[PDB]
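Presented as structure tokens, the chain that follows is alone, the form deposited in one PDB entry.
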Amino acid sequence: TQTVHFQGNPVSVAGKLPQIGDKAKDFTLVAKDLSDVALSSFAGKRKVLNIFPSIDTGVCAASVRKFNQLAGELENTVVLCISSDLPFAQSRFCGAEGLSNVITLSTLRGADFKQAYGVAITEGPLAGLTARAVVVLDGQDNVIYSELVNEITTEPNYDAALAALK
């Protein structure tokens, strides 16, 4: 069981984030239209899994939208912005707003994903939400990049996530 920080304060995160060389578990999550979307749906493609505590925000950092868009226009690649936000709140997100081959997914259903990818925050004011993380998967579900950011409010290594794509 890992441990991260929100603004300095310790946050317990249940499970274990898939290491490089692991086979990532299949999941099913909720799309914007309330339709269900499985990881099996993208067989062969590369999957950038960008995990957020919340994407429900008016203000967006340029690097977030820059990372998502860049990885999105790479050949045979898809970006998945996942949070515990409801699909009604996920559609006001700048990092995925109008970004081609970048879709949002809610944990409204299939919330067991959180435990399976070691991103389930289980203590304090952020309980029921996900920990900030990026996980990059190859054509056949193998983890080629993974990072659990020690401080939640800070950003993951975007250059490195891109450099594995490659």
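We number the residues from 1 along the sequence you see. Think of the rigid core as the biggest set of C-alphas that the two forms share within 1.5 Å after superposition.
B-factor third for the C-alpha atom of residue 141 within its chain: Its C-alpha B-factor, which the entry lists for residue 141, ranks in the middle third among residues of this chain.
Check where residue 97 lands among this chain's C-alpha B-factors and tell me if it's the lowest, middle or highest third. It belongs to the highest third of the chain when residues are ordered by C-alpha B-factor.
State the tercile, meaning the lowest, middle or highest third, of residue 41 with respect to the CA B-factors recorded for its chain. Residue 41: CA B-factor falls in the middle third of its chain.
Position of residue 71 among the chain's modelled residues by C-alpha B-factor, lowest, middle or highest third: For residue 71, the deposited C-alpha B-factor lands in the highest third.
Among modelled residues of the same chain, the CA temperature factor third for residue 107: Lowest third.
From this point on, the text means the form deposited in another entry, which you will not see here.
Please find the residue from 60, 38, 116, 31 showing a Cα shift of 2 angstroms or more between the shown form and the other one, rigid core superposed. Result of the comparison: 60.
Would you say residue 96 moves between the shown form and the other one, meaning its CA shifts by 2 Å or more once the core is fitted? It does shift by 2 Å or more.
Can we say the CA of residue 71 moves by at least 2 Å between the shown form and the other one when the core is superposed? Where the cores coincide, residue 71 still shows a C-alpha shift between the shown form and the other one that is 2 Å or more.
Check residue 50 against residue 72 at the C-alpha atoms and report closer or farther in that other deposited form, compared with the shown form; the change is 3 Å or more. Relative to the displayed form, residue 50 and residue 72 move farther apart in that other deposited form - a change of at least 3 Å between their C-alphas.
Closer or farther apart in that other deposited form, the C-alpha atoms of residue 57 and residue 53, for a change of 3 Å or more? Residues converge in that other deposited form, at least 3 Å closer.
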